[PDB]
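Participant: what's the 3D shape of this:
(chains A and B, ligands or ions: 8)
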There are 2 protein chains.
Amino acid sequence: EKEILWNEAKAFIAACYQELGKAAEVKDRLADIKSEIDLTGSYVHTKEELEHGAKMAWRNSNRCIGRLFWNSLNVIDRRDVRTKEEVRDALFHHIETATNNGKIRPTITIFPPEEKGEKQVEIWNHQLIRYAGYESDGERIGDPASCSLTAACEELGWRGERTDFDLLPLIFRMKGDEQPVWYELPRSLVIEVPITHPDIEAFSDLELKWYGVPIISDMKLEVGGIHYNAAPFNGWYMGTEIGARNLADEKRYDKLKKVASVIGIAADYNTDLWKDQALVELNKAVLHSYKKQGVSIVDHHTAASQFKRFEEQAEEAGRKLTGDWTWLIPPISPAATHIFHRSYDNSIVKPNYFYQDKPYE
Amino acid sequence: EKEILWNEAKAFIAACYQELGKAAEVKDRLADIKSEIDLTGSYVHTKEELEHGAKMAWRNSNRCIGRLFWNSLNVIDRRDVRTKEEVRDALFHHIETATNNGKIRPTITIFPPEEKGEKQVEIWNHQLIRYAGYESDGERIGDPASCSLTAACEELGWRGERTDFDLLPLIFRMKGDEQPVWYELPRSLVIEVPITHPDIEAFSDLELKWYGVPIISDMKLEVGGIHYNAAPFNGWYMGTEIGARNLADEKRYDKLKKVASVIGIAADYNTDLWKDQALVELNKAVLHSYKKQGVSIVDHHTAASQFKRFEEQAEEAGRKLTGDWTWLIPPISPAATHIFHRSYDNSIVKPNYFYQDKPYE
Ligand code: HEM
Ligand code: HEM
Ligand SMILES: N/C(=N/c1cccc(CO[C@@H]2CCNC2)c1)c1cccs1
Ligand SMILES: N/C(=N/c1cccc(CO[C@@H]2CCNC2)c1)c1cccs1
Ligand SMILES: C[C@H](O)[C@H](O)[C@H]1CNc2nc(N)[nH]c(=O)c2N1
Ligand SMILES: C[C@H](O)[C@H](O)[C@H]1CNc2nc(N)[nH]c(=O)c2N1
Ligand SMILES: [Cl-]
Ligand SMILES: [Cl-]
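Facilitator: Numbers count the residues shown, from 1 in each chain, chains lettered A, B, ... in the order given. Ligands and ions are numbered 1, 2, ... in the order given. Find the structure here:
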């Protein structure tokens, strides 16, 4: 067990210190770690290792198109938290600093790691900011992707107003406790963007909106054998995530038919390509709405260009590039991006972010 | 060598006869084949085996979304040809019968197979009907994908008029001959569709058009160890092939900027999603134009629905399904199809159609 930890530690420190220009400080740091592992059963990252490890992990995320700015990640070290009030305020602070009045800072807050595979902090939220979902005999409300977590929260004394956009509470469980606590979100901390169209005034009749900052809070950060199961991170949205998936998928908000209505086209014939046309106008609306409000967002064409630069930067730096083609291509006009026309190695490189099992369900 | 042939033969005949309800006739047919191989070094398919083998090959084509109608394939047995006039007239006939006045019949014409890996007939065309491409100091004309074949044809005494839509000649080489012959296509045999838009009259200013029937003529059909290197096949187009790739790719006709102009939108900002909007209108134009002229075509939504039925038909029949996710998803709105949201096994099953090296280049 402390063998696999030692092995990953050797690989990580060598690479991390190499990139940081600290290649000479390796042996003595690896020395201390080997002792610390022998005596304690684990080791503790320096602030520098942790910060860079979180950046390397983003860089190795095969499914991420926004990796160009991996080195500008804002890393918050909250390994000091011991109380649920401390966790809550850390999460509250993350939302505030990442939002930054709309000029979103890509940020990660890092909580204490697993000890013996035992979690210190266990976050139930998929994202820190997400809408509830309800299904009750034919009546479908909100975000269906949140149906299971919502039912779980309502098992704990929470109650949603049952709008299509109920903000889910923060819900996490501390080590020792049998149940998670939940805290309602302060509305003043959550930026939302109402969806309007630049040309079509009737688009507002849909009363669509989305939240400003996507903060993934259910993935495990792995850095040199250390498992930070609780390390919520954020960037800004690519418009397609909202307009082509969240609001378009039949198993999500399923709004394409209503979009077709308000833009004045029939939704009767496949050969009219009404879904395609609705997707374009909806995605135009999303980008326009975020930019009009001053909330950071990127379109899929610009993002692909940035990713091309990331590919170029990688080869120039002598690093192997890895990627998941199936996730890197945007869900609209993917053949209009260079991504579609080349292949990527889907090998896993650590440090990285990983899926982990949900405590609920 | 006759070991691998015998092995593939055993696997094929057993499966083919099983599907045909002729499972009892297997041993005696396998008997004759084993003798025929021993004495001759190869074996000859019955008409029934060949017809069904060609259908099974289509069914096993992982990259094909149109596989629902695999069993309705029109198979033409031209293993009898010996002369280049016979080949030419066979190819001429294929075009005519497949076109069928616009009501396209999915058809394959099968020529004599390789003997000792030696080709009887060697087709140079990618498709029987395709446009030439020219590149001469900054001057780019026609289809760039045809640049190498065009130069090759012009090395043989052919000369194109250098329009953007020069019909390439049929070009193939007979066994024994050192050079291929080429035959100009009779215009009366080639249906073309001028591209118009249902709502936007200015779209005709682009003077776009495409050919009616895509007839792939450079792939090898493999059936039970027998290599039919020359077996051109056709179906009808999925609109996206023309509107989202052939006319949209920068390395093809690259028409999106001009489409944006004629539909009256700016092509200046990525966030306007002008490429996405142009793709939709161009693809609407393509579908409308084919249907208006009475030439068979399918949109990507309908095609995906048909493919879903193919998936259902396959499981119901107890057959494993194989597919290439990266090719099955349409290049526009793929997330609007069920294909995007499931995975496919990309295993190779024979019989099948395979790539083979180009004689030119
Ligand atoms: C800066 C702006 C960013 C943009 C525009 C961006 C874009 C994207 C997009 C569009 C996806 C696909 C998500 C989906 O389809 O559900 C993605 C996946 C991902 N991104 Fe990023 N990203 C950004 C920043 C970050 C940051 C800061 C991290 C973490 C340090 C990160 C790590 C990931 C990971 C781990 C995934 C895959 C999640 C999964 O497998 O489900 N990205 N990114
Ligand atoms: C009936 C109408 C048909 C439709 C709508 C259809 C649709 C498609 C499409 C859209 C592709 C992708 C082509 C590309 O992206 O370049 C494809 C690939 C393919 N189709 Fe079909 N197809 C049809 C009939 C057939 C037939 C009759 C055959 C042969 C018996 C066939 C075998 C294949 C093969 C082998 C490929 C892959 C070619 C490659 O790997 O480059 N299909 N099909
Ligand atoms: N733009 C983003 N979009 C996403 C990035 C990663 C994941 C997700 C949502 O998670 C997937 C949705 C369904 N399965 C996992 C969204 C980011 C969130 C945090 C940093 S970038
Ligand atoms: N619809 C079609 N489209 C295609 C199907 C298969 C292949 C192609 C074109 O070949 C690819 C284009 C570039 N590489 C190979 C087009 C068909 C042609 C013949 C039967 S169906
Ligand atoms: C690299 C990638 O495999 C390549 O660009 C593929 C992607 N999927 C495709 N799918 C289809 N139908 N046709 C294509 O030409 C391609 N190109
Ligand atoms: C089956 C397939 O892998 C799945 O639907 C994937 C495809 N590519 C994707 N790409 C992104 N960015 N996001 C997704 O949710 C998916 N879904
Ligand atoms: Cl999201
Ligand atoms: Cl084509």
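Participant: rest of the way, CA atoms for contacts and neighbours
Facilitator: Noted.
Participant: Identify the residue of the stretch 101-250 of chain A closest to ligand 4, quick one.
Facilitator: Residue nearest to ligand 4 within the stretch 101-250 of chain A (C-alpha to the nearest ligand atom): residue A:244, separated by 26.4 Å.
Participant: Can you give me every residue that contacts that residue?
Facilitator: A:279, A:282, A:283, A:331, A:332, B:335 (C-alpha atoms under 8 Å, 6 or more residues apart in numbering or on different chains).
Participant: Just flag the most distant two among these.
Facilitator: A:282 and B:335 (14.4 Å; C-alpha to C-alpha).
Participant: Which of these two has more residues huddled nearby?
Facilitator: residue A:282 (28 against 19; other C-alpha atoms under 10 Å in any protein chain shown).
Participant: my hunch is that that one is in a helix, does that hold up?
Facilitator: Yes - note on residue A:282: a helix contains this position according to DSSP: H, G, I helix; E, B strand; the rest coil.
Participant: what about the helices in the stretch 251-361 of chain A?
Facilitator: Taking DSSP state H, counting those that start in this stretch as the criterion, the stretch 251-361 of chain A carries its helices at A:256-262, A:274-293, A:300-316, A:325-328.
Participant: Out of these, the one nearest ligand 5 is which?
Facilitator: Per C-alpha to the nearest ligand atom, nearest to ligand 5 of the helices of the stretch 251-361 of chain A: helix A:325-328, 8.0 Å.
Participant: Can you give the distance of the closest one from its chain's centre?
Facilitator: 16 Å (C-alpha atoms, centre = their mean, to the nearest Å).
Participant: close to chain B, is it?
Facilitator: Yes - using C-alpha under 8 Å from any C-alpha of the partner chain, helix A:325-328 comes into contact with chain B via residue A:326.
Participant: got a list of contacts for that helix?
Facilitator: Here helix A:325-328 has contacts from A:63, A:64, A:65, A:339, A:340, A:343, A:344, A:346, B:326, using C-alpha under 8 Å, 6+ apart.
Participant: Looking at those residues, which is nearest ligand 3?
Facilitator: Distances from ligand 3 to the contacts of helix A:325-328, taken by C-alpha to the nearest ligand atom, are shortest for residue A:64, at 7.0 Å.
Participant: Out of the contacts of helix A:325-328, which end up buried?
Facilitator: Buried residues within those, counting neighbours by 16 or more other C-alpha atoms under 10 Å in any protein chain shown: A:63, A:65, A:339, A:340, B:326.
Participant: Now distance to residue B:110 too, for those residues, in a markdown table please.
Facilitator: Putting these into a markdown table (distance: C-alpha to C-alpha, whole Å) gives the following:
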| residue | distance to residue B:110 |
| --- | --- |
| A:63 | 44 |
| A:65 | 45 |
| A:339 | 37 |
| A:340 | 34 |
| B:326 | 29 |
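Participant: farthest-separated two in those?
Facilitator: Largest separation among those by C-alpha to C-alpha: A:65 and B:326, giving 17.4 Å.
Participant: still on that earlier bit, with distance to ligand 6 as added columns, please give the buried ones among the contacts of helix A:325-328 in CSV.
Facilitator: Formatted as CSV, the buried ones among the contacts of helix A:325-328 follow (distance: C-alpha to the nearest ligand atom, whole Å):
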residue, distance to ligand 6
A:63, 7
A:65, 9
A:339, 12
A:340, 12
B:326, 10
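Participant: just curious, which of those is nearest to residue A:227?
Facilitator: Nearest to residue A:227 among those, with distances taken as C-alpha to C-alpha, is residue A:63, at 20.2 Å.
Participant: Now do the same contact list for that closest one.
Facilitator: Per C-alpha under 8 Å, 6+ apart, neighbours of residue A:63: A:323, A:324, A:325, A:327, A:328.
Participant: Now, of these, which are buried?
Facilitator: A:323, A:324, A:325, A:328.
Participant: and of the contacts of helix A:325-328, the nearest to residue B:167?
Facilitator: residue A:340 (29.0 Å).
Participant: ok, back up a step: what is the most widely separated pair among the contacts of residue A:63?
Facilitator: Every pair of the contacts of residue A:63 checked by C-alpha to C-alpha; the farthest is A:323 and A:327, at 8.4 Å.
Participant: Residues that sit against both of the two, list them.
Facilitator: With C-alpha under 8 Å, 6+ apart, residue A:323 and residue A:327 have common neighbours A:63, A:64.
Participant: wait, what's in contact with residue A:293?
Facilitator: residue A:193.
Participant: Please spell out which residues along stretch A:85-95 are buried.
Facilitator: A:87, A:88, A:90, A:91, A:92, A:94, A:95.
Participant: same deal with stretch A:286-300?
Facilitator: Buried residues in stretch A:286-300 (16+ other C-alpha under 10 Å): A:286, A:287, A:288, A:289, A:290, A:295, A:296, A:297, A:298, A:299, A:300.
Participant: a markdown table for these, including distance to ligand 5?
Facilitator: A markdown table is the format used below for these (distance: C-alpha to the nearest ligand atom, whole Å):
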| residue | distance to ligand 5 |
| --- | --- |
| A:286 | 27 |
| A:287 | 27 |
| A:288 | 30 |
| A:289 | 32 |
| A:290 | 31 |
| A:295 | 33 |
| A:296 | 30 |
| A:297 | 27 |
| A:298 | 23 |
| A:299 | 21 |
| A:300 | 17 |
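Participant: got the residues you listed as TSV, with distance to residue A:30 columns?
Facilitator: Below are these laid out as TSV (distance: C-alpha to C-alpha, whole Å):
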residue	distance to residue A:30
A:286	49
A:287	48
A:288	51
A:289	51
A:290	47
A:295	44
A:296	41
A:297	41
A:298	41
A:299	44
A:300	42
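Participant: re earlier: got the buried residues of stretch A:85-95 as CSV, with distance to residue A:41 and secondary structure columns?
Facilitator: Formatted as CSV, the buried residues of stretch A:85-95 follow (distance: C-alpha to C-alpha, whole Å; DSSP: H, G, I helix; E, B strand; the rest coil):
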residue, distance to residue A:41, secondary structure
A:87, 25, helix
A:88, 29, helix
A:90, 27, helix
A:91, 29, helix
A:92, 32, helix
A:94, 31, helix
A:95, 34, helix
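Participant: out of those residues, who's near ligand 5?
Facilitator: When C-alpha under 6 Å from any ligand atom is applied, no member of the buried residues of stretch A:85-95 is adjacent to ligand 5.
Participant: From residue B:301, how far out is the closest residue to ligand 6 within the stretch 251-361 of chain A?
Facilitator: The nearest approach of the stretch 251-361 of chain A to ligand 6 comes at residue A:327, 3.3 Å away (C-alpha to the nearest ligand atom). Residue A:327 sits 21 Å away from residue B:301, going by C-alpha to C-alpha, to the nearest Å.
Participant: same question, residue A:106
Facilitator: Counting by C-alpha to C-alpha, the gap from residue A:106 to residue B:301 is 37 Å.
Participant: Repeat that for residue A:196.
Facilitator: Residue A:196 is 27 Å from residue B:301, by C-alpha to C-alpha.
Participant: These two: who's more crowded?
Facilitator: Using other C-alpha under 10 Å, the more surrounded residue of residue A:196 and residue B:301 is residue A:196, with 25 against 22.
Participant: Enumerate every residue touching the more buried one.
Facilitator: For residue A:196, the contact set (C-alpha under 8 Å, 6+ apart) comprises A:203, A:204, A:285, A:286, A:288, A:289.
Participant: between those, which is closest to residue A:192?
Facilitator: residue A:289 (10.3 Å).
Participant: ok, whichever residue of chain A sits closest to ligand 4 - contacts?
Facilitator: Nearest to ligand 4, among the residues of chain A, is residue A:341, at 11.4 Å (C-alpha to the nearest ligand atom). Shown in contact with residue A:341 (C-alpha under 8 Å, 6+ apart): residue A:335.
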